[PDB]
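Heads up: the structure comes next, in structure tokens.
Protein chains: 2
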Amino acid sequence: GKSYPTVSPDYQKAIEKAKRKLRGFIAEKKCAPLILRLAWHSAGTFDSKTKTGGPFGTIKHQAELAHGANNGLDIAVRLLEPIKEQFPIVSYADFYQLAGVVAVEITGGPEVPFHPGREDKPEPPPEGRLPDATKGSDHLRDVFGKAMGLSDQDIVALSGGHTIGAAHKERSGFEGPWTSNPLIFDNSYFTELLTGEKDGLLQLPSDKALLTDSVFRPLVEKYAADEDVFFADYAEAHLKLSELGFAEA
Amino acid sequence: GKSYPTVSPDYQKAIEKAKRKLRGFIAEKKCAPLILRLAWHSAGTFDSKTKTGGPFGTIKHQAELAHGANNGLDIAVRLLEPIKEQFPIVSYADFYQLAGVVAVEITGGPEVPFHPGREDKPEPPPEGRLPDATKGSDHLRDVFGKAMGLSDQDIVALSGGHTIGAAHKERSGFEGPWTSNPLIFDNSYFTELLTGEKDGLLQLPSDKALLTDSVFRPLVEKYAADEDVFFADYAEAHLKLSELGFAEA
Ligand code: HEM
Ligand code: HEM
Ligand SMILES: [K+]
Ligand SMILES: [K+]
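Protein sequence lines, in the order shown, are assigned to chains A and B.
Each residue of the first sequence is one higher than the one before, starting from 2 at the first, in the authors' numbering.
Each residue of the second sequence is one higher than the one before, starting from 2 at the first, in the authors' numbering.
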């Protein structure tokens, strides 16, 4: 974002109240990982070539929920609706992104700044913009770099989002958690990658590509050695991801 | 407190990191109610008259943990110890109060301000200063007002802390949660009291005493009528409680 919109005092209070409601609900239900995936899938369809897609509430749409990459997100939508209903003033766009920021916070992650003002767009973006787990470097730069407009550093920091969660065979075809503490947000994702594959944990082709790249590799090593650096770079990347196509840029 | 102490930039940085660590651990373990009871029992021992007791890390001591009213708090002290070891420069006084503030935040409660600077004291206070659940009005004002120095408003807002958590027969004799949502911080404690006793939910004599007092009753209806009012008052009472005898007042 560059020039953030001025929201009404009631909209602002709505946001402050929804944040508190989301914290308790997400904490109690232990669904932080799925909610972060929802926020990421909502924001990651932004394509700078056409200036379409992005964090604009379209994911709740049937057309978009039908995308292969969105398998299982229907439960995230259904989960949050009860809370969303108490806030008709807030847009789905802002709401899902606020949930994502809360998901990181509740699990012990850095506090990502949030700015309201996103509007809900009527039509969902076409399928195929989100990353393929079976691909590598080339693909990652095309998706995050060419389409989204993010930096190489951002790619690595955001991949760290896998520090929480796990894959489910019926949703993506892969299975298992990336770390030993799938509900704690830390830099352990990078250490697992550096220590090679092991039975109980999951490592996707896309995660491994970070190990063989000349730019990615030294960042994976820094993050594994210093959590504070990982957190600051993650916050920076998540903030930009969430405002893709919003408030000027 | 009125005049906050200057702490090093490293100390403040440690506090912020500790806050993030406490969030993830407390949410994952679902022990927020227990953590708040620990913080409250740590601060509620202050005697303004003698200027003894209060939030100064003494609850980790065996002699104080042996106080019958602190039954089960030994478990909370142990649960947090591994996190405390990651932050050796932070005092236990600050640590426990910070943990109490976090417990409120993750359950959906208001954001209570925190100011570091409490020093740990070698001598825990004498037994018997904490409120007795079998008594009423006179005793509550005797404890909160005379000893601690809090107002009648503070007494009712603070009792609202029962919105999360439950009694355990092997800790106090009583059993059951006060609300049908013990991990969600809201004003349900007050509405439960106003609507009488129900099967399953708990109401202590000290809780019921709020209904038969000229000053307490109106406050109960005030908070039962408006959650925003409750949140503002609680945050204020909690801030005062956590700083009893610290930074002057
Ligand atoms: C870089 C390329 C990425 C690819 C190809 C990828 C791929 C995947 C796959 C295959 C799943 C689905 C697991 C399932 O079957 O449920 C998954 C889960 C997840 N991913 Fe990613 N991911 C990527 C980037 C990210 C980013 C940028 C974030 C956000 C910071 C993120 C956050 C998550 C989370 C939290 C989960 C776990 C969800 C749960 O526990 O249910 N991913 N990812
Ligand atoms: C007004 C006088 C109060 C009395 C006499 C009282 C009494 C009690 C008793 C007997 C229990 C049951 C303990 C157990 O068996 O686990 C309890 C639990 C609890 N109380 Fe209070 N309470 C009072 C004030 C407060 C205050 C000021 C707070 C905090 C702001 C608070 C927070 C809690 C919490 C969170 C629990 C649940 C503990 C758990 O779930 O493990 N109480 N209280
Ligand atoms: K982890
Ligand atoms: K409650």
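Idealized CB from N, CA, C, for every residue including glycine.
Within chain A, not a single residue places a beta-carbon under 9 Å from that of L220 of chain B; the smallest gap is close to 22 Å.
With a beta-carbon spacing of about 6 Å, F26 of chain B and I84 of chain B fall inside the 8 Å limit used to define contacts.
In this structure, ligand 1 has no non-hydrogen atom nearer than 8 Å to the beta-carbon of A233 of chain A. Interface flag for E106 of chain A against chain B is set, since a Cβ pair is found closer than 9 Å.
Per DSSP, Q13 of chain B is one residue of the alpha helix (DSSP H) stretching across 10 to 30.
Taking 4 residues as the shortest admissible run, the region 44 to 73 of chain A contains the following complete alpha helix (DSSP H) segments, listed from N- to C-terminal end: 63 to 66.
Of all alpha-carbon atoms in B:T51, B:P132, B:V102, the one lying nearest the alpha-carbon of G69 of chain B is that of B:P132. In chain order, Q204, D208, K209, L211, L212, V221, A225 place their CB closer than 8 Å to the CB of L194 of chain B, counting only its own chain and leaving out the 5 sequence neighbours on each side. Rounded to whole angstroms, the Cβ separation of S243 of chain A and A40 of chain A is 7 Å, and the two are in contact under 8 Å.
Taking non-hydrogen atoms of ligand 1 into account, the C-beta of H239 of chain A is found less than 8 Å away from one of them. Against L184 of chain B, the close residues of chain A are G25, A28, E29, in the order they occur along the chain (beta-carbon pairs closer than 8 Å). With a threshold of 9 Å between beta carbons, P111 of chain A makes contact with chain B. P83 of chain B has its Cβ no nearer than 8 Å to any heavy atom of ligand 3.
Residues with their Cβ less than 7 Å from any non-hydrogen atom of ligand 4, running along the chain, are B:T164, B:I165, B:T180, B:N182, B:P183, B:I185, B:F186, B:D187, B:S189, B:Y190. Taking 8 Å as the cut-off, one finds no heavy atom of ligand 2 near enough to the beta carbon of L159 of chain A.
Annotation for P219 of chain A: no residue places its beta carbon closer than 6 Å to its own, counting only its chain and skipping 5 residues before and after. Sequence-distant Cβ neighbours of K22 of chain A in its own chain, meaning closer than 6 Å and more than five residues away, are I84. Under the rule that a run must span 4 or more residues, the alpha helix (DSSP H) segments found entirely inside the region 110 to 156 of chain A read 138 to 141. In the structure shown, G177 of chain A falls within a strand segment according to DSSP collapsed to helix, strand and coil. Out of A:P6, A:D155, A:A67, the CA that lies nearest to the CA of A233 of chain A is found in A:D155. For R21 of chain A, the chain B residues whose Cβ falls inside 9 Å of its Cβ are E106, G109, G110, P111, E112, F186, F232, in order along the chain. Taking C-beta separations shorter than 6 Å and ignoring five residues to either side along the sequence, the partners of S43 of chain A in its chain run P56, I60, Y97, following chain order. Put simply, the CB of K147 of chain B is far from chain A, with every gap to its CB atoms at 9 Å or more. Ligand 1 has no heavy atom closer than 8 Å to the beta-carbon of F47 of chain B. Under the three-state reduction of DSSP output, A210 of chain A falls in the coil class, being neither helix nor strand. Shown here for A236 of chain A: same chain residues with a beta carbon closer than 6 Å to its own, the five before and five after excluded, namely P111, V113 in chain order. In its chain, beyond the 5 residues on either side, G54, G55, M149, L245, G246 have a beta carbon closer than 6 Å to the beta carbon of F47 of chain A.
The closest CA to that of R130 of chain B, considering only B:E29, B:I36, B:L37, B:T51, is found on B:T51.
Residue range 217 to 226 is occupied by the alpha helix (DSSP H) that includes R218 of chain B. Placement of the Cβ of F115 of chain A at a distance of 8 Å or more from every heavy atom of ligand 1 is found.
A167 of chain A is bridged by DSSP to A:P178.
Here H163 of chain A has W179, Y190 as same chain residues with Cβ atoms under 6 Å from its own Cβ, once five neighbours each way along the sequence are excluded. In chain order, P125 place their CB closer than 8 Å to the CB of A64 of chain B, counting only its own chain and leaving out the 5 sequence neighbours on each side. A Cβ of chain B is located within less than 9 Å of the beta carbon of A33 of chain A.
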